[PDB]
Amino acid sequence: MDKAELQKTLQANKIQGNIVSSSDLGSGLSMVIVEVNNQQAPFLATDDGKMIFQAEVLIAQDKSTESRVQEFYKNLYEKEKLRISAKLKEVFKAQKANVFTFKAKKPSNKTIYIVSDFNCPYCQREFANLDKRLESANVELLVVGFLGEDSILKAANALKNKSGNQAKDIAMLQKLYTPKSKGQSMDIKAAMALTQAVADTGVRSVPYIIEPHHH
């Protein structure tokens, strides 16, 4: 595979990614990983690097070739999920002061990590199930301003109003999560740095939830 031709193909069509790797598939085709903003995606390309595409429907004469492509998509998605999870957990550790920690109803060594935005409706839905999360595990919650100015305001508000008292903090977050609530004007530097740090992991959508390791 010629990486130099791959770069020309990506540029000819606007793309902002670094060719991570290329694996020969055969029949003049290779599996290519393109990483934009640290997020890795799988592609197929011709060995000369002149064409890049993804195939919804792929039919191969050899069964082994069909399984290998399936494996490549399956493994990359798993590695990315693991990589995003490890980075997010380090942000939770580094940004400890800005994290709401809610203990499980009964002592637990399991933590559920949640990234949320006050204005996202599903996050509002997730927050209503908080007590039902709490039966199973501890919950660590980071609120980010991903959906516009109002979210950053609310995220900024939560950071000064965070007391470290579970019941008081949940009641306080509850008001911010109210649909069509209004953020109180204040300095938003902390929310932005918190939110940017979270985005750098590869978290793009809220609510983002990491459950306890299984099997």
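Residue indices: 1-based, along the sequence shown.
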- Which of 58-66 and 42-50 has higher mean CA B factor, as the PDB entry lists it: 58-66
- Note on the structure: As the entry reports it, the stretch among 96-104 and 121-129 with higher mean C-alpha B factor is 121-129
- Per the deposited B-factor column, the C-alpha that peaks among 147, 171, 159, 31 belongs to 147
- Task: Classify residue 36 as lowest, middle or highest third according to the C-alpha B-factor given in the PDB entry, relative to its own chain.
- Result: middle
- Note on the structure: On the chain's distribution of Cα B-factors, residue 197 falls within the third called lowest
- Note on the structure: Chain thirds by Cα B factor, record data; residue 90 belongs to the lowest
- Looking at the C-alpha B-factor of residue 135, is it in the lowest, middle or highest third of its chain? highest
- Message: Ranking the modelled residues of this chain by C-alpha B-factor as given in the entry, is residue 186 in the lowest, middle or highest third?
- Response: highest
